[PDB]
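The structure file my_file.txt is reproduced below (compact mmCIF, N, CA and C atoms).
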# COMPACT_ATOMS: atom_id res chain seq x y z
N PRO A 872 101.86 -6.84 45.45
CA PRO A 872 101.09 -5.66 45.00
C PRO A 872 99.80 -5.94 44.24
N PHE A 873 99.77 -6.96 43.36
CA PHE A 873 98.63 -7.36 42.53
C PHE A 873 97.23 -7.28 43.12
N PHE A 874 97.10 -7.27 44.45
CA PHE A 874 95.81 -7.24 45.14
C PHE A 874 94.86 -6.16 44.61
N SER A 875 95.32 -4.91 44.52
CA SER A 875 94.44 -3.78 44.16
C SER A 875 93.78 -3.92 42.79
N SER A 876 94.32 -4.77 41.95
CA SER A 876 93.84 -5.23 40.66
C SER A 876 92.95 -6.46 40.86
N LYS A 877 93.50 -7.39 41.63
CA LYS A 877 93.01 -8.76 41.71
C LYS A 877 91.61 -8.71 42.28
N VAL A 878 91.46 -7.94 43.35
CA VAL A 878 90.16 -7.84 44.00
C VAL A 878 89.19 -7.14 43.08
N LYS A 879 89.68 -6.29 42.17
CA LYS A 879 88.74 -5.54 41.37
C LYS A 879 88.05 -6.49 40.42
N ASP A 880 88.86 -7.34 39.76
CA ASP A 880 88.30 -8.38 38.91
C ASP A 880 87.39 -9.31 39.70
N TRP A 881 87.92 -9.79 40.83
CA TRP A 881 87.21 -10.70 41.74
C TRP A 881 85.84 -10.16 42.10
N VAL A 882 85.79 -8.88 42.45
CA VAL A 882 84.57 -8.24 42.90
C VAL A 882 83.58 -8.16 41.76
N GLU A 883 84.05 -7.88 40.54
CA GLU A 883 83.08 -7.88 39.47
C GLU A 883 82.55 -9.29 39.23
N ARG A 884 83.41 -10.33 39.27
CA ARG A 884 82.83 -11.67 39.09
C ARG A 884 81.78 -11.98 40.14
N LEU A 885 82.02 -11.57 41.38
CA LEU A 885 81.02 -11.81 42.40
C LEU A 885 79.74 -11.06 42.09
N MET A 886 79.81 -9.72 42.13
CA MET A 886 78.62 -8.88 41.99
C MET A 886 77.83 -9.27 40.76
N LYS A 887 78.56 -9.46 39.66
CA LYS A 887 77.99 -9.77 38.37
C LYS A 887 77.30 -11.13 38.40
N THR A 888 77.99 -12.14 38.93
CA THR A 888 77.35 -13.44 39.04
C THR A 888 76.29 -13.46 40.12
N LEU A 889 76.19 -12.40 40.91
CA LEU A 889 75.22 -12.32 41.97
C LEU A 889 74.01 -11.59 41.47
N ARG A 890 74.17 -10.76 40.42
CA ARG A 890 72.99 -10.13 39.85
C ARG A 890 72.35 -11.16 38.96
N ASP A 891 73.20 -11.94 38.26
CA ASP A 891 72.78 -12.97 37.32
C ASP A 891 71.76 -13.83 38.04
N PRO A 892 70.46 -13.74 37.70
CA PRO A 892 69.45 -14.51 38.44
C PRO A 892 69.43 -16.00 38.13
N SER A 893 70.48 -16.51 37.50
CA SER A 893 70.71 -17.94 37.39
C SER A 893 71.46 -18.51 38.58
N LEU A 894 71.75 -17.68 39.59
CA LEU A 894 72.45 -18.19 40.77
C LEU A 894 71.55 -19.16 41.51
N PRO A 895 70.33 -18.77 41.97
CA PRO A 895 69.52 -19.68 42.79
C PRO A 895 69.33 -21.01 42.11
N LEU A 896 69.13 -20.95 40.80
CA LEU A 896 69.13 -22.16 39.99
C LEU A 896 70.42 -22.94 40.08
N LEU A 897 71.56 -22.28 39.97
CA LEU A 897 72.76 -23.10 39.92
C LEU A 897 73.10 -23.74 41.26
N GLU A 898 72.79 -23.04 42.33
CA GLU A 898 72.94 -23.57 43.68
C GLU A 898 71.83 -24.49 44.15
N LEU A 899 70.59 -24.23 43.78
CA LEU A 899 69.55 -25.22 44.03
C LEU A 899 69.55 -26.41 43.11
N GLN A 900 70.11 -26.32 41.92
CA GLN A 900 70.36 -27.53 41.18
C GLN A 900 71.33 -28.35 41.98
N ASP A 901 72.42 -27.71 42.40
CA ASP A 901 73.62 -28.47 42.59
C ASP A 901 73.52 -29.12 43.96
N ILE A 902 73.01 -28.34 44.91
CA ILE A 902 72.70 -28.84 46.23
C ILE A 902 71.56 -29.85 46.21
N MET A 903 70.43 -29.53 45.53
CA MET A 903 69.38 -30.54 45.63
C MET A 903 69.68 -31.79 44.82
N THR A 904 70.76 -31.78 44.06
CA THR A 904 71.17 -32.97 43.35
C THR A 904 72.08 -33.76 44.27
N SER A 905 72.86 -33.05 45.09
CA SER A 905 73.83 -33.76 45.91
C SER A 905 73.23 -34.26 47.21
N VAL A 906 71.96 -33.93 47.51
CA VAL A 906 71.27 -34.55 48.64
C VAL A 906 70.00 -35.08 48.00
N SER A 907 70.18 -35.81 46.90
CA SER A 907 69.07 -36.42 46.19
C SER A 907 68.43 -37.59 46.93
N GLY A 908 69.20 -38.41 47.65
CA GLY A 908 68.61 -39.47 48.46
C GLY A 908 68.09 -39.03 49.82
N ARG A 909 67.73 -40.03 50.64
CA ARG A 909 67.19 -39.80 51.99
C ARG A 909 65.91 -38.97 51.94
N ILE A 910 65.28 -39.04 50.78
CA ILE A 910 64.43 -37.99 50.23
C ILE A 910 62.97 -38.44 50.35
N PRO A 911 62.06 -37.57 50.81
CA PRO A 911 60.61 -37.82 50.63
C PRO A 911 60.06 -37.27 49.32
N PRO A 912 59.55 -38.13 48.42
CA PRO A 912 59.16 -37.67 47.07
C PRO A 912 58.15 -36.52 47.00
N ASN A 913 57.31 -36.27 48.01
CA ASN A 913 56.46 -35.08 47.94
C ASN A 913 57.36 -33.85 47.81
N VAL A 914 58.39 -33.82 48.64
CA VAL A 914 59.30 -32.70 48.73
C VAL A 914 60.27 -32.75 47.56
N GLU A 915 60.66 -33.96 47.11
CA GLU A 915 61.49 -34.07 45.91
C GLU A 915 60.75 -33.66 44.63
N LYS A 916 59.54 -34.16 44.41
CA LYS A 916 58.84 -33.70 43.21
C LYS A 916 58.55 -32.21 43.27
N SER A 917 58.37 -31.66 44.48
CA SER A 917 58.24 -30.22 44.62
C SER A 917 59.51 -29.46 44.26
N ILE A 918 60.62 -29.85 44.87
CA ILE A 918 61.88 -29.16 44.61
C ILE A 918 62.33 -29.36 43.19
N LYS A 919 62.12 -30.54 42.63
CA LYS A 919 62.73 -30.77 41.34
C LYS A 919 61.88 -30.14 40.25
N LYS A 920 60.57 -30.07 40.49
CA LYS A 920 59.73 -29.33 39.56
C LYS A 920 60.17 -27.88 39.57
N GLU A 921 60.31 -27.32 40.77
CA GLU A 921 60.32 -25.88 40.80
C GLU A 921 61.71 -25.33 40.56
N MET A 922 62.75 -26.13 40.76
CA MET A 922 64.06 -25.72 40.27
C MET A 922 64.02 -25.69 38.75
N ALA A 923 63.48 -26.76 38.16
CA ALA A 923 63.29 -26.85 36.72
C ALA A 923 62.53 -25.68 36.08
N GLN A 924 61.45 -25.18 36.71
CA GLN A 924 60.79 -23.99 36.15
C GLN A 924 61.06 -22.68 36.86
N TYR A 925 61.96 -22.61 37.83
CA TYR A 925 62.80 -21.43 37.93
C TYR A 925 63.68 -21.34 36.70
N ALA A 926 64.20 -22.50 36.26
CA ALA A 926 65.05 -22.56 35.07
C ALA A 926 64.30 -22.18 33.81
N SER A 927 63.07 -22.66 33.68
CA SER A 927 62.27 -22.30 32.53
C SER A 927 61.83 -20.85 32.60
N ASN A 928 61.50 -20.37 33.79
CA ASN A 928 60.97 -19.02 33.90
C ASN A 928 62.04 -17.99 34.18
N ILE A 929 63.31 -18.38 34.19
CA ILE A 929 64.34 -17.37 34.33
C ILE A 929 64.34 -16.58 33.03
N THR A 930 64.76 -15.32 33.10
CA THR A 930 64.78 -14.37 31.99
C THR A 930 63.38 -13.82 31.77
N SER A 931 62.43 -14.13 32.64
CA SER A 931 61.16 -13.43 32.67
C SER A 931 61.31 -12.07 33.34
N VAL A 932 60.42 -11.15 32.95
CA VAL A 932 60.42 -9.80 33.50
C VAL A 932 59.99 -9.79 34.95
N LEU A 933 59.17 -10.75 35.32
CA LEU A 933 58.58 -10.84 36.64
C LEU A 933 58.95 -12.18 37.25
N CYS A 934 60.25 -12.42 37.46
CA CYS A 934 60.70 -13.67 38.05
C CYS A 934 61.30 -13.35 39.40
N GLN A 935 60.69 -13.93 40.43
CA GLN A 935 61.23 -13.98 41.77
C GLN A 935 61.30 -15.42 42.27
N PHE A 936 62.22 -15.66 43.20
CA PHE A 936 62.36 -17.00 43.76
C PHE A 936 61.05 -17.39 44.45
N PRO A 937 60.56 -18.63 44.30
CA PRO A 937 59.36 -19.05 45.04
C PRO A 937 59.70 -19.56 46.45
N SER A 938 60.45 -18.74 47.20
CA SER A 938 60.72 -18.93 48.62
C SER A 938 59.52 -19.35 49.45
N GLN A 939 58.51 -18.49 49.51
CA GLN A 939 57.37 -18.80 50.35
C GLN A 939 56.75 -20.13 49.96
N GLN A 940 56.75 -20.44 48.67
CA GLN A 940 56.17 -21.69 48.22
C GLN A 940 56.92 -22.92 48.73
N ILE A 941 58.25 -22.92 48.61
CA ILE A 941 58.97 -24.11 49.07
C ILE A 941 58.85 -24.22 50.58
N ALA A 942 58.96 -23.08 51.25
CA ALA A 942 58.88 -23.08 52.69
C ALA A 942 57.53 -23.58 53.16
N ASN A 943 56.45 -23.13 52.50
CA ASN A 943 55.11 -23.54 52.91
C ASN A 943 54.93 -25.05 52.76
N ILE A 944 55.42 -25.63 51.65
CA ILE A 944 55.26 -27.07 51.46
C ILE A 944 55.96 -27.81 52.59
N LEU A 945 57.22 -27.45 52.82
CA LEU A 945 57.96 -27.96 53.96
C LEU A 945 57.21 -27.75 55.26
N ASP A 946 56.46 -26.66 55.33
CA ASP A 946 55.81 -26.22 56.55
C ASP A 946 54.62 -27.10 56.87
N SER A 947 53.86 -27.48 55.84
CA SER A 947 52.70 -28.34 56.03
C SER A 947 53.10 -29.78 56.30
N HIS A 948 54.11 -30.32 55.58
CA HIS A 948 54.35 -31.71 55.93
C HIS A 948 55.30 -31.82 57.10
N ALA A 949 55.88 -30.69 57.52
CA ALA A 949 56.49 -30.61 58.83
C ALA A 949 55.40 -30.53 59.89
N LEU B 2270 9.14 -5.15 40.49
CA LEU B 2270 10.55 -4.86 40.59
C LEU B 2270 11.36 -6.15 40.58
N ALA B 2271 10.81 -7.19 41.19
CA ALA B 2271 11.44 -8.51 41.18
C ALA B 2271 11.71 -8.97 39.76
N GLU B 2272 10.69 -8.89 38.93
CA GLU B 2272 10.82 -9.25 37.53
C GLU B 2272 11.93 -8.46 36.88
N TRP B 2273 12.08 -7.21 37.24
CA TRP B 2273 13.11 -6.41 36.60
C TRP B 2273 14.48 -6.87 37.00
N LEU B 2274 14.66 -7.08 38.28
CA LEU B 2274 15.93 -7.50 38.81
C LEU B 2274 16.41 -8.80 38.20
N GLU B 2275 15.52 -9.77 38.03
CA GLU B 2275 15.95 -11.03 37.46
C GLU B 2275 16.46 -10.91 36.03
N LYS B 2276 15.76 -10.18 35.17
CA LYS B 2276 16.22 -10.05 33.79
C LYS B 2276 17.60 -9.45 33.64
N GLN B 2277 17.99 -8.49 34.48
CA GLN B 2277 19.33 -7.96 34.29
C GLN B 2277 20.35 -9.05 34.46
N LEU B 2278 20.18 -9.86 35.48
CA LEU B 2278 21.11 -10.96 35.68
C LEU B 2278 20.82 -12.09 34.72
N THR B 2279 19.54 -12.42 34.62
CA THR B 2279 19.06 -13.54 33.84
C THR B 2279 19.13 -13.38 32.33
N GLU B 2280 18.84 -12.21 31.78
CA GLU B 2280 18.82 -12.18 30.32
C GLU B 2280 20.25 -11.98 29.84
N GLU B 2281 20.83 -13.10 29.41
CA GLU B 2281 22.15 -13.17 28.80
C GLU B 2281 22.33 -12.51 27.43
N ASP B 2282 23.50 -11.88 27.28
CA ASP B 2282 24.00 -11.26 26.05
C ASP B 2282 22.98 -10.32 25.40
N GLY B 2283 22.35 -9.49 26.22
CA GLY B 2283 21.43 -8.48 25.75
C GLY B 2283 21.97 -7.07 25.88
N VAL B 2284 21.02 -6.16 26.05
CA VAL B 2284 21.25 -4.76 26.38
C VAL B 2284 20.97 -4.53 27.87
N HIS B 2285 20.88 -5.62 28.62
CA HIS B 2285 20.59 -5.75 30.03
C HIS B 2285 21.86 -5.84 30.85
N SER B 2286 23.01 -6.16 30.25
CA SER B 2286 24.27 -6.20 31.00
C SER B 2286 24.81 -4.78 31.17
N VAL B 2287 23.99 -4.00 31.86
CA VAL B 2287 24.21 -2.63 32.19
C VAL B 2287 24.82 -2.58 33.55
N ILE B 2288 24.12 -3.26 34.44
CA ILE B 2288 24.54 -3.36 35.81
C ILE B 2288 25.87 -4.07 35.86
N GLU B 2289 26.04 -5.06 35.00
CA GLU B 2289 27.30 -5.79 34.90
C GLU B 2289 28.46 -4.88 34.53
N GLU B 2290 28.24 -4.01 33.57
CA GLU B 2290 29.29 -3.09 33.21
C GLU B 2290 29.58 -2.12 34.34
N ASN B 2291 28.52 -1.64 34.99
CA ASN B 2291 28.68 -0.69 36.07
C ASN B 2291 29.48 -1.29 37.20
N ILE B 2292 29.16 -2.51 37.55
CA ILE B 2292 29.88 -3.20 38.60
C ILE B 2292 31.31 -3.43 38.19
N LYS B 2293 31.55 -3.75 36.92
CA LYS B 2293 32.94 -3.93 36.52
C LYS B 2293 33.69 -2.64 36.78
N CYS B 2294 33.05 -1.52 36.47
CA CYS B 2294 33.66 -0.23 36.76
C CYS B 2294 33.91 -0.09 38.25
N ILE B 2295 32.93 -0.49 39.06
CA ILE B 2295 33.06 -0.41 40.51
C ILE B 2295 34.22 -1.24 41.00
N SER B 2296 34.36 -2.43 40.45
CA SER B 2296 35.45 -3.30 40.87
C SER B 2296 36.76 -2.66 40.55
N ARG B 2297 36.84 -2.09 39.37
CA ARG B 2297 38.06 -1.44 38.96
C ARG B 2297 38.39 -0.28 39.88
N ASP B 2298 37.39 0.52 40.23
CA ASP B 2298 37.65 1.65 41.10
C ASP B 2298 38.13 1.22 42.47
N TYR B 2299 37.45 0.25 43.07
CA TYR B 2299 37.84 -0.18 44.40
C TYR B 2299 39.22 -0.80 44.36
N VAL B 2300 39.49 -1.55 43.30
CA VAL B 2300 40.78 -2.18 43.16
C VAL B 2300 41.82 -1.10 43.07
N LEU B 2301 41.49 -0.04 42.36
CA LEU B 2301 42.43 1.04 42.16
C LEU B 2301 42.75 1.65 43.50
N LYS B 2302 41.73 1.82 44.32
CA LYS B 2302 41.93 2.36 45.65
C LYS B 2302 42.82 1.43 46.45
N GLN B 2303 42.65 0.13 46.27
CA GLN B 2303 43.51 -0.81 46.95
C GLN B 2303 44.94 -0.56 46.55
N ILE B 2304 45.16 -0.34 45.26
CA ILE B 2304 46.52 -0.09 44.84
C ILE B 2304 47.05 1.18 45.45
N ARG B 2305 46.22 2.22 45.51
CA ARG B 2305 46.71 3.46 46.08
C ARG B 2305 47.06 3.32 47.55
N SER B 2306 46.18 2.70 48.31
CA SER B 2306 46.42 2.55 49.73
C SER B 2306 47.63 1.67 49.96
N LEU B 2307 47.70 0.60 49.19
CA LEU B 2307 48.78 -0.35 49.30
C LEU B 2307 50.12 0.28 49.02
N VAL B 2308 50.19 1.10 47.98
CA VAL B 2308 51.45 1.75 47.72
C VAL B 2308 51.75 2.75 48.81
N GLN B 2309 50.74 3.41 49.36
CA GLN B 2309 51.05 4.37 50.41
C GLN B 2309 51.70 3.66 51.58
N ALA B 2310 51.13 2.53 51.99
CA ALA B 2310 51.76 1.75 53.05
C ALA B 2310 53.09 1.16 52.61
N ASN B 2311 53.24 0.89 51.32
CA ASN B 2311 54.38 0.15 50.78
C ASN B 2311 54.86 0.82 49.51
N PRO B 2312 55.42 2.01 49.61
CA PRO B 2312 55.74 2.76 48.40
C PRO B 2312 56.83 2.12 47.59
N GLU B 2313 57.66 1.31 48.23
CA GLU B 2313 58.77 0.63 47.59
C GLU B 2313 58.32 -0.30 46.47
N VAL B 2314 57.06 -0.73 46.50
CA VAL B 2314 56.51 -1.68 45.54
C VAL B 2314 56.23 -1.12 44.16
N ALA B 2315 56.09 0.20 44.03
CA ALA B 2315 55.70 0.82 42.76
C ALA B 2315 56.51 0.32 41.57
N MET B 2316 57.83 0.53 41.60
CA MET B 2316 58.67 0.22 40.44
C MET B 2316 58.43 -1.21 39.96
N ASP B 2317 58.48 -2.15 40.89
CA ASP B 2317 58.44 -3.55 40.56
C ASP B 2317 57.04 -3.95 40.13
N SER B 2318 56.04 -3.33 40.73
CA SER B 2318 54.65 -3.55 40.35
C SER B 2318 54.40 -3.27 38.88
N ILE B 2319 55.02 -2.24 38.35
CA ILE B 2319 54.82 -1.91 36.95
C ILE B 2319 55.42 -2.95 36.03
N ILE B 2320 56.69 -3.32 36.25
CA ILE B 2320 57.36 -4.31 35.40
C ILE B 2320 56.49 -5.55 35.24
N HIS B 2321 55.90 -6.02 36.33
CA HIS B 2321 55.04 -7.18 36.25
C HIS B 2321 53.82 -6.82 35.44
N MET B 2322 53.32 -5.59 35.64
CA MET B 2322 52.12 -5.14 34.96
C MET B 2322 52.35 -4.92 33.49
N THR B 2323 53.58 -4.58 33.11
CA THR B 2323 53.87 -4.16 31.75
C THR B 2323 54.23 -5.27 30.81
N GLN B 2324 54.21 -6.52 31.25
CA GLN B 2324 54.92 -7.52 30.49
C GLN B 2324 54.12 -7.74 29.22
N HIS B 2325 52.82 -7.47 29.31
CA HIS B 2325 51.95 -7.39 28.16
C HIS B 2325 51.05 -6.18 28.37
N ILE B 2326 51.02 -5.32 27.35
CA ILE B 2326 50.16 -4.13 27.26
C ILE B 2326 50.38 -3.65 25.83
N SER B 2327 49.51 -2.77 25.34
CA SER B 2327 49.65 -2.35 23.95
C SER B 2327 50.89 -1.50 23.65
N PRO B 2328 51.42 -1.60 22.43
CA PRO B 2328 52.56 -0.76 22.05
C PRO B 2328 52.22 0.72 22.08
N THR B 2329 50.98 1.03 21.70
CA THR B 2329 50.50 2.40 21.75
C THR B 2329 50.55 2.90 23.17
N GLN B 2330 50.14 2.06 24.10
CA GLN B 2330 50.19 2.40 25.51
C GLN B 2330 51.63 2.63 25.92
N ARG B 2331 52.57 1.88 25.34
CA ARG B 2331 53.97 2.11 25.65
C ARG B 2331 54.34 3.53 25.25
N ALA B 2332 53.89 3.94 24.07
CA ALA B 2332 54.18 5.29 23.64
C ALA B 2332 53.58 6.31 24.60
N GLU B 2333 52.30 6.17 24.95
CA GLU B 2333 51.70 7.14 25.87
C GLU B 2333 52.46 7.25 27.19
N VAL B 2334 52.93 6.13 27.77
CA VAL B 2334 53.66 6.24 29.03
C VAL B 2334 54.96 7.03 28.87
N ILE B 2335 55.75 6.73 27.83
CA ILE B 2335 56.98 7.50 27.68
C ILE B 2335 56.73 8.98 27.39
N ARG B 2336 55.77 9.32 26.52
CA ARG B 2336 55.54 10.75 26.29
C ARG B 2336 55.13 11.44 27.59
N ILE B 2337 54.24 10.81 28.36
CA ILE B 2337 53.74 11.41 29.61
C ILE B 2337 54.71 11.05 30.74
Write-out of the structure in structure tokens:
Amino acid sequence: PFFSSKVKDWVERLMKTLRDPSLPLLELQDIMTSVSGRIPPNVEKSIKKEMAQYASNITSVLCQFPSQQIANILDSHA
Amino acid sequence: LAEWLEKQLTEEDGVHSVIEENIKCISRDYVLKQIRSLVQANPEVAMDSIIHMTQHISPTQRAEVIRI
């Protein structure tokens, strides 16, 4: 029976941690740390800078992910 | 007339930066029109546009926006 309770808690942890704009940071930290090698430093200094100042600029009123920026860098050296 | 035209641009920090002020007004107006047209094409942008715009502005201005 516990499901009708269990999912309610579960759903708040999801939605809540999904509004929390520290998600892209926590997943881009963790992924870009775990594929740290095999790495071209132009793209590494780009990713590691900008994860770091997504981290610094989180909690800003005007903070959006720099999607187009990372993609564009990848786009030019691709 | 040539002589006149040069001094407005050329004479720095005088009473000649008339045209400069006028143009600043012009830039502001055209920019404003850009915002109007842009929001018409993209009305969804309004709310978020303000938050970015508001991150610094005067406290008095904050009062005027809420009253109005």
Please report as a JSON list (two decimals) with N, CA and C atoms, in the frame of the given file which residues of chain B come no farther than 8 Å from chain A, using all atoms listed in the file.
[["chain", "number", "residue", "atom", "x", "y", "z"],
["B", 2317, "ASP", "N", 58.48, -2.15, 40.89],
["B", 2317, "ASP", "CA", 58.44, -3.55, 40.56],
["B", 2317, "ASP", "C", 57.04, -3.95, 40.13],
["B", 2320, "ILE", "N", 56.69, -3.32, 36.25],
["B", 2320, "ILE", "CA", 57.36, -4.31, 35.40],
["B", 2320, "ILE", "C", 56.49, -5.55, 35.24],
["B", 2321, "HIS", "N", 55.90, -6.02, 36.33],
["B", 2321, "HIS", "CA", 55.04, -7.18, 36.25],
["B", 2321, "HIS", "C", 53.82, -6.82, 35.44],
["B", 2322, "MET", "N", 53.32, -5.59, 35.64],
["B", 2322, "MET", "CA", 52.12, -5.14, 34.96],
["B", 2322, "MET", "C", 52.35, -4.92, 33.49],
["B", 2324, "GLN", "N", 54.21, -6.52, 31.25],
["B", 2324, "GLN", "CA", 54.92, -7.52, 30.49],
["B", 2324, "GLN", "C", 54.12, -7.74, 29.22]]
All residues 10 Å or closer to residue 918 in chain A, only C-alpha atoms, same chain fewer than 2 positions away omitted, as a PyMOL selection string: chain A and resi 899-900+903+912-916+920-924+941+944
Show me, as lines of an AutoDock Vina configuration file, the centre and edge lengths in Å to one decimal of the axis-aligned box that covers every listed atom of range 882-892 of chain A with 4 Å on each side.
center_x = 77.6
center_y = -11.9
center_z = 40.1
size_x = 24.4
size_y = 16.1
size_z = 13.6
What separation in Å, quoted to one decimal, exists between atom N of residue 901 in chain A and atom C of residue 925 in chain A?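 That distance, rounded to one decimal, is 12.2 Å.
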When you draw a straight line from CA of residue 892 in chain A to atom C of residue 2323 in chain B, how long is it in Å?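 Taking CA of residue 892 in chain A and atom C of residue 2323 in chain B, their separation equals 19.4 Å.
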